[PDB]
Amino acid sequence: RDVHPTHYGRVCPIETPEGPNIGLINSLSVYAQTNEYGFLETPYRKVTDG
Amino acid sequence: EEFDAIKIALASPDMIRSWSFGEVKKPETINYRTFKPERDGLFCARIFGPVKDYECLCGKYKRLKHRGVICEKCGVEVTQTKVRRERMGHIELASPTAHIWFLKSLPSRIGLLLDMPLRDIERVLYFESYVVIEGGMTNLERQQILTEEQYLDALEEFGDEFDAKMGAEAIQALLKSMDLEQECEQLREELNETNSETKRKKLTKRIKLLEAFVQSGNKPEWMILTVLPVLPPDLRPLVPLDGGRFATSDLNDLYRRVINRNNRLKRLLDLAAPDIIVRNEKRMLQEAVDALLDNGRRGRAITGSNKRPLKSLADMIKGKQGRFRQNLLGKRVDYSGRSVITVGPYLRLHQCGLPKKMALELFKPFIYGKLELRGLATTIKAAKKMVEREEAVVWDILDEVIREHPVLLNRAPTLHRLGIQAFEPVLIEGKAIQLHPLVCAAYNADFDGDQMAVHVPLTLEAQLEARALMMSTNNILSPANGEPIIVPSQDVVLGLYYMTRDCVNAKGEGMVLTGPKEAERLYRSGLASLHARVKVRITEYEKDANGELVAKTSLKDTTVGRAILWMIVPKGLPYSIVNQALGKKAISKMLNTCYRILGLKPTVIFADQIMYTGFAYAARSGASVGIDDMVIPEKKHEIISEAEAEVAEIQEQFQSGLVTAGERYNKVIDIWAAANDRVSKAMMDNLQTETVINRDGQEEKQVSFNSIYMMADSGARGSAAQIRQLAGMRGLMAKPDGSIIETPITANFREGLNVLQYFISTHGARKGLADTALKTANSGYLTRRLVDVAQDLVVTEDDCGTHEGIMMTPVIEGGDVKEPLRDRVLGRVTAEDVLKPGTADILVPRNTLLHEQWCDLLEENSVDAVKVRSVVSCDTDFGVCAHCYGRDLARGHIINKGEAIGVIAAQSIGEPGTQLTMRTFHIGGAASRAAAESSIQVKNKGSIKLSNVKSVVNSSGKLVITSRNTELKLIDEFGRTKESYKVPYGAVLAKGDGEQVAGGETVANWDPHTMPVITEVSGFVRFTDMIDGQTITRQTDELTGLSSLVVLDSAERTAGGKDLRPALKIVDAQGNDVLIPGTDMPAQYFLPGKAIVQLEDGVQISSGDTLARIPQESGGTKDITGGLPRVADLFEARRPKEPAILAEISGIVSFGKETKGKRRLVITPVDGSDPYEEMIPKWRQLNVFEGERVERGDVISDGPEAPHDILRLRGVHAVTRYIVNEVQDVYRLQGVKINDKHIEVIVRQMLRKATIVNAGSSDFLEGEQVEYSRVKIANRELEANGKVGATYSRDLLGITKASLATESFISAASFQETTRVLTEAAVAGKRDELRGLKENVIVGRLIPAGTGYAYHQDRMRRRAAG
Amino acid sequence: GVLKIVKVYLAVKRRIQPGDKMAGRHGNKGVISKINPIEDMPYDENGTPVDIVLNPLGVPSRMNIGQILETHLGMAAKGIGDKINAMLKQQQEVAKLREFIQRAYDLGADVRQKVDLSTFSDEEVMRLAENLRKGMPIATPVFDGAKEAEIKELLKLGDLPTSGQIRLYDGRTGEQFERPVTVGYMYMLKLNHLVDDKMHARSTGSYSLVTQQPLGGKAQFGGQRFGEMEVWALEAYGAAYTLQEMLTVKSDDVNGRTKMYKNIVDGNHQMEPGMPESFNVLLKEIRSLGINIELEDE
Amino acid sequence: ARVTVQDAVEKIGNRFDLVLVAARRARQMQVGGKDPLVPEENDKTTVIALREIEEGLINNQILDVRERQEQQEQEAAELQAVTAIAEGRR
Amino acid sequence: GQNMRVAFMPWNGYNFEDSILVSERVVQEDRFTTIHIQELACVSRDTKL
Amino acid sequence: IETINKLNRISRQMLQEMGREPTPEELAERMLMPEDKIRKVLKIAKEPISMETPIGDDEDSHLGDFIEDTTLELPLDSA
DNA sequence: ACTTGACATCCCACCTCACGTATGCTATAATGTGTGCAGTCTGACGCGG
DNA sequence: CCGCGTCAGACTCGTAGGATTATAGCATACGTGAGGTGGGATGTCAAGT
RNA sequence: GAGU
Ligand SMILES: [Mg+2]
Ligand SMILES: [Zn+2]
């Protein structure tokens, strides 16, 4: 239920029903999608030598 | 059928025949097309009664003319359908089956009667093996297991004399043949010659079962069921949904299977089927039966056609969705309505807005009666037709009924009794209920869509109780503390604050006014601001001693605003009260003082006034919330960047390596704490004042009018902390768990946080909200348990005449006098007079209730300790005395005889727990605790004087304390204990004993996050048993080769290093054990679990140099988290994990029989001849030196005290004292004030039972656990007549057990363990006399409390008269 | 089993009333307490009267300050609309309108999105103006939003106080409020929670099959459960007859409720209780378990 | 009173007594049509009973007094009737 | 939803605890008026009656 | 019972031929029985569904929490 | 105020009819199997061993 | 002391809608609920009582 | 999905 650092850019840490449902149900973050194996992923920009 | 009692016992099979009217031979219910009942089926009309009123099956005979007519063709009796709720049927079971409940439920009376374990019985029952019933042959007697061919090897050789069988029928047989009478006598004779301890305990238990069994008259053979009773059809009805579909109870499906299998058994018997399949069928029979009673108790249960487990009879009674709690102790009710609440500023205190359409519906029947009596409608049918159209007339009749009717408003949860209040309803348009603002605090209601229920007490009596006892205006004071609940909130306070607050010049400074009315006239003309400082001529009024009017007439200095407010103020209250800028503080005080001195009606009226005022002036004031209203303190980034740059310097200075993990963590966190508080106070200064604009050149200052700040200081909404997060720095928060993050949030909500910072805060947020949910159900459940225990306590007597009582102190727990004597004792009856050398040798007459004014007088005397007559020390049976209880806080007076004080206490104590969870869980979006327990600071100039310690002076020159029993007090001019501080082990001191401390000088000092162990003597550190891996962990670096040893506790230790107690031995320059000055100890300082040993082997320590620092991380729950279970545990009388041990009687104690480090004590009493030897753990720490002259209940061990032990040694008053204080400590942490008397109530309930040594004329004997009430009843009757005496000792039971122990089995059955309690009472043949509350509740009778006292005592006298 | 069926759609035009549920995006929520006539509400110096009056005391302890930001930016957004609407009423020239509008968009020293107008055709220009006549819609994106200073800057372009507070005249009395208050436009919503549905009450109706207690829900014309909690309240008071009402005449006692109904019409208000059906349910289920429970005579 | 029944409360002594004693008088008004002492001013029997006891003109003891009196008058007059039935009995 | 001119201020306890004060002008303009399309079904069954 | 058995064996085939469902008329055709009789059997075909059935998807209600007794003439009418 | 008799409409009971229901009988050989989810918690008092 | 077992875990209300099954057939004997027509029981009328 |  508790808030994991991994949720960053994948699930909104801040969208969930209050009460006993809390922690269980969470909305997908904006840019986020499922990878090949159904794992959560986030798009990121490359930075080459500075 | 107007009844006295309820008895429960085993149902006899032939008694079951008696109740049952007919045998259900067929599993069929009804015909598929014609849904009439089938012949001998489950819904049979011949057995259970006719489907439809006064009409038989075949339908020749109908009408009332036929009653008791018995249709010759069909065999249907002609009567009321209602009979199908009350006729039972029955089944003839072919194989006598055992009752599951008496097997699988613990302890299992069958098993305990036969002293036979479960498995044996199982294998027997399930036909896996045979067992010996009756052995003519000596080889084998009762209760021997035989296998398949062991039975054959037995039968072949013996037989004739040899009797054995298989299964439940065999067990039935063994049940009949066992000798009831003889065995009881046998056992006591066994006891007479020899009683090894545990053997005698079990033999005792068994004796109790047996005796109870034959007294109740329950026959053991009844354990085996021959006849199976069958539930009335209406209770398991069969109904069509309108779509053609059907619904049937789960009982029906279990029952059907029962019949199917039983009929197959009849077939198999007539066919003479082989043993294997006959046995299999008996298994199946047993299954079906036991599934029907309690499904799944037996292991894998029968499921629904769905998947869902079938719902058995047990589920029906027991479950929370069972009959008790859902349908019996509570239900759905008519004449109630429910809808959204809306504000009613215009409503009076005792009023409420009631929506048109709601009230129309509610008050339906009242309408009809008056419609017909006034003749507006010809009959009731026409009255209905006239209501359903709805003309002007209808509304008028409603008006007349609603006139002087009181209606009840309810909000869930029912936190306390004021969750329902009575009001005069006033009709309004719309569908919304209007609630009075004042009472929102009691309901804890707020306007964001909350709904309320509105019930109608219908009778004159209901109306009376609602208006008189439940009326809003009657109940202002919390039953919990004496103080008001119905009080100013938010806007109210704000308006008041606005008016009372004073301002530089503005308009009309220094005007002199002829009376108050002029003030308002001036404001309204705009010729003066309300903030303007003014001289007004006003007459303050005074109460006399007899109650007259005392007009005093002269000059007051106030604002315009305060003059207006003095208008509101009632005749006789001093000006002093309004003279100050009123906040939440001042407001409540006004009301309080007013109530206590003036009285009821005046206060009622005045409170309303104050409400309206506040609204008004809030409105003209025009207070709002703009972005600039939140002022970012001038020096924010300066103070922040400085703290940041310095922390950066210490991180760079990390790589250099004078930086352990502990020190760095400490350093970072402390610099951040100090920086935030700097920021806080600069933000507060800025916001707090800020009227420093130029007076044409130079500047000036006064109290500015910032709206947020005003809300803060007013106590209107904000507190300082919230402000801090808004305009200041948000601060540090808590990570996922206990972890506290190093870098804080420097920014504020004004600036806006970013990705990272906002993300950071979510952890705490989510954690908080999940707590508010899931952690509150614990508190609710706890409360219900309290409720159930505390029901029977009612005021029956005025005064039984007890002299006994509990000595209450002003609680000087460490740091200050957190709760004084006055606060703890107010409104209590005293027992005895206390003497103190005082202003003139104080004496105070006893049996006296101490009123407020009594208290004031005793305040001037300054008595410390007061014996007060307690609820516990009450002599009254089953309940308490008016005197022993004292004031009913809610009413202000002495409690009314008859009022149920038990539930009173419970509601008050459950209420806050439930609140103090929810609140800091949905408002405190992060986590921290005040743990800067750094320095002590003496406030006022006095002498330093120490009690209880022994220190040892070092090289640097600090007075370092090595005692666990240390306090540091403050003496004033002529010798008294004013101020008190609590200093832990290892704390450096400054001034020792005798010397004077000047104001605000640092007299004590210690580092918080680290308790050092400090040596008393000098020399070289010698290492004993600290090997690497076993008891310590090597942490070593390069550089010059420095390290820091960590001595690990039990968890990280391998299996070989379990008993190894790591030490640091004190040897000298020569080698030999240097001894601590004057004492015999070779100084061996036992470093505890995880003692991070900085000073390694080889560095000559000076006397008072640290050997090893002990870290204790107090993450800091606070809240009601750690609090809740601790409270619960004290109330459940649960011995804590490390209980300390005590001494039994008095006299010189000594050592003797010593194991390795297992201490032994042989206490031989100087008076008492006997020696008590008690063994002591090795790792257990002792507080005592050796030979002392001890008293009973002498604490020796370290830790929290086990409640039971305290009860046994000290006795009642001390244990009770400990409970009260220890509980109260938690709630004091939260600042929720509750009277000790409630806690006292509970404890008396927990003392309900005792243990008997020595026989009366009755059913006693050794070690029986009988009620305290039955002991005193025996006292009366036996002392007066003679007979042999009985010695008793009091016992302590916590909560659940105490509740289950009470002689009210329907009470206990309603609580928990429904199954178990029923069986015990059934075997006991117990008779419930029905004196308690919930009993009558469930029966729909008159509660024996209060209003129902009269009727209930009448039945009691009718018991005496035959 | 079903011969025929007809579906019918009702169209209700449901008007807002007191007790309906409304909120903003910031978690600030509330019930309508009273709808005031236009006269009652405070008004501007300009004569523009207010729409909604929200309690400032809902702010500080709940710690959502963003709603204040929305209010300020919201007034300035409409301030834009004000001035534009004025120049629309005043006709004027394309060019001048174009100037005002573009200088507005390019307001931020730090803006990303640069809408250099120029190329736009006269059609598109006057068209755009008409649309922004209703108050110009702005985009603060999450965390990457509009700083307070840029908001202050725009409040100058709205020709309104930079603090976003205005002195208000009380439409009832004519007295000014002594100090200015925060006014401006905020985006409100009416919830799916309609007081229309939340209203429900029951005197007499359908009862439960087994227990013979009143049913649940507006769907059955059900009554509220008076729970053990509520019981506890009554118990705290000495209120025995009210309690007994709830236990018997109001629920499972058939003879009792009917009799007391008739008594009420007749103006008696005597109770005369009976035996609640639930308790009989209890008895019979215990005897089904082969457990004998008898109620003993005196 | 109307607002706060506290004065009436104080006149009797106990809260609960007040409620029950008031109900018995209010019931009498309802049932017997017994005549309200203080001019009615359309109050409910709740309030009527409250007022009477407020002024102290009803007491539990005087309610029972009124019962004793009217019961004695009933027996005196129905001496004639119960005597005929009584002679019949033996 | 819709956007209104709000004024942050305490009223004579009509805005008490997050409660809302609102103008008749809202109804005048017909803002915040919901269309609810509610469904009902009439069923003609066959009993053996 | 045997008639019910026929019903369901045929049901499979017919669903596969049509690509959808069997209407009583079409079903009645293939069996050469009177439509009324078919419909009767279809209704009678419904098995006992449990009164204790958790109607509440959230364990709210045991179907019983719906059922009202229409036998009871209402206190209105009793008056 | 009432009865009598005539003539004409309505209510109760027993008989032949037809569908519905209860139970038997079948012959190549068929002979050791089904089956799942429950759980994770969590302090708790208790007996058993 | 580990073993495993047993028993607990808020308050009210509010909103959506219920079926998947695999299953042979029949020839015969017996019982159970019903339509279709005559005897007996009240209903309605017109004179004359 | 409401609120405490
Ligand atoms: Mg709320
Ligand atoms: Zn019959």
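We number each residue from 1, going along the chain as drawn.
Determination method: X-ray crystallography, 5.5 Å.
Cβ atoms are placed via backbone N, Cα and C, with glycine included.
Taken straight from Swiss-Prot:
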BINDING   B:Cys56, B:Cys58, B:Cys71, B:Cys74  Zn(2+) 1 binding site
BINDING   B:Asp446, B:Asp448, B:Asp450  Mg(2+) binding site
BINDING   B:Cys800, B:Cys874, B:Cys881, B:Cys884  Zn(2+) 2 binding site
MOD_RES   B:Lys958  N6-acetyllysine
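Taking the Cβ of B:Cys58 (Zn(2+) 1 binding site) as reference, residues of its chain lying under 8 Å away and at least six apart in sequence are, in sequence order, B:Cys71, B:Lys73, B:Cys74, B:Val76. Here B:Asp450 (Mg(2+) binding site) is compared against the binding-site residues B:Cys56, B:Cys800, B:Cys884, and the shortest C-alpha distance is to B:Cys884.
In the three-state DSSP scheme, B:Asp448 (Mg(2+) binding site) falls into the coil class. Ligand 2 lies under 6 Å from the Cβ of B:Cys56, B:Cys58, B:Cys71, out of the binding-site residues B:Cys56, B:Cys58, B:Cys71, B:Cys884.
What surrounds the Zn(2+) 2 site, by Cβ distance within 8 Å of the Cβ centroid and not counting B:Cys800, B:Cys874, B:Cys881, B:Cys884, is the set B:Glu797, B:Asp799, B:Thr802, B:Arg869, B:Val871, B:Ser873, B:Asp875, B:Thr876, B:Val880, B:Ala882, B:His883, B:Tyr885 from the same chain. Listed binding-site residues: B:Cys56, B:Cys58, B:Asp446, B:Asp448, B:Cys800. Those with a CB under 8 Å from a CB in chain E, in sequence order: B:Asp446, B:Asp448. The binding-site residues examined here are B:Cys56, B:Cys74, B:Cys874, B:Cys884; by Cβ neighbour count within 10 Å, the least packed of them is B:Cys74. Annotation for the binding-site residues B:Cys71, B:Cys800, B:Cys881: lowest Cβ count within 10 Å of the residue's own Cβ, B:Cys800. Ligand 1 lies under 6 Å from the Cβ of B:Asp446, B:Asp448, B:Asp450, out of the binding-site residues B:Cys56, B:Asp446, B:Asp448, B:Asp450, B:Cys881, B:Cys884. The CA atom of B:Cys884 (Zn(2+) 2 binding site) is located 39 Å away from the CA atom of B:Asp446 (Mg(2+) binding site).
B:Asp446 (Mg(2+) binding site) sits 57 Å from the residue listed as 'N6-acetyllysine', taking the Cα positions as reference.
Those recorded positions from the list B:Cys71, B:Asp446, B:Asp448, B:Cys874, B:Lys958 that have a Cβ under 8 Å from chain C Cβ atoms: B:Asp448.
With respect to B:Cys881 (Zn(2+) 2 binding site), the closest of these recorded positions in Cα terms is B:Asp448, chosen from B:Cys56, B:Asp448, B:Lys958. For the residue listed as 'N6-acetyllysine', the number of other Cβ atoms no farther than 10 Å from its own Cβ, over all displayed protein chains, is 16. A separation of roughly 63 Å, to the nearest angstrom, links the Cα atoms of B:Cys874 (Zn(2+) 2 binding site) and B:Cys56 (Zn(2+) 1 binding site).
The record gives B:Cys56, B:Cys58, B:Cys71, B:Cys74 for Zn(2+) 1. Within 8 Å of the mean position of their Cβ atoms, the other Cβ atoms in that chain belong to B:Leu57, B:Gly59, B:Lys60, B:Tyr61, B:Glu72, B:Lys73, B:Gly75, B:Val76. B:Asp448 (Mg(2+) binding site) sits 51 Å from B:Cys800 (Zn(2+) 2 binding site), taking the CA atoms of both as reference points.
Around the Cβ of B:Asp446 (Mg(2+) binding site), the number of neighbouring Cβ atoms within 10 Å comes to 18. Under DSSP, B:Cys881 (Zn(2+) 2 binding site) is assigned to a strand (E or B) in the three-state scheme. Across the structure, B:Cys56 (Zn(2+) 1 binding site) and B:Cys800 (Zn(2+) 2 binding site) place their CA atoms 64 angstrom apart.
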